[PDB]
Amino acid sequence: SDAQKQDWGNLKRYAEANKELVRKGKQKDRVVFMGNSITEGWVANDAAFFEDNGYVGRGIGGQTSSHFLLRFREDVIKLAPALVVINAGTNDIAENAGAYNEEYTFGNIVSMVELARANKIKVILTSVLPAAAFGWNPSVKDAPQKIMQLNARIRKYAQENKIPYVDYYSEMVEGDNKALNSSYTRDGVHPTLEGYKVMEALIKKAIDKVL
């Protein structure tokens, strides 16, 4: 039935891939990247960055921090990684799962951190990327303010818990309208390869400090 097919969290997306990874056995210094289309697109645009370094992408387009929390056990914990990199909030602010509530989104990140720590997985937290607006939801007129406010909460939580915070945002924002840098996005939200190369330099340096 259609009802039986429901899979709100999209656990199906990586179910087979996870089984294949698990079959290979424990791997040293595995890093899983949790996120939405920015993380999914990262693997799509620069697979070598992941493959060269033993990183595993678990991004799914359109998803919010609520979806990530639901997938966290299967798509992170069960892969027995050394470290998880969390990029969450863009689609929350874009209202993909309903009205944005910062407290709920921030709480989902904290929950993921707690689940990682309960399973001896190290965490890196990251800034939500700049966006002046979201192409698919122009009704959101205060994306910049929301992004900054959430990022400040994530950064403070990271400091309070001795978790690295990787600030993609400050390197990629441009203008008084707080756009994603015009030179490496087409749509204002998703990086092009040039943008991903900026992110790679930051995240690899932080990963290497932790591993």
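Numbering starts at 1 and runs along the sequence shown.
Between 22 to 30 and 156 to 164, it is 22 to 30 that carries the larger average Cα temperature factor according to the deposited entry. Higher mean CA B-factor, judged across 58 to 66 and 41 to 49 from the recorded values: 41 to 49. For the set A99, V113, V84, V128, the PDB entry assigns the largest Cα B-factor to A99.
The PDB entry gives the largest Cα B-factor of the residues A133, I124, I93, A80 to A80. Ranked by Cα temperature factor within the chain, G175 sits in the highest third according to the deposited record. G195: CA B factor lies in the highest third for its chain, per the PDB record. Split the chain's modelled residues into thirds by C-alpha temperature factor. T105 is in the lowest one.
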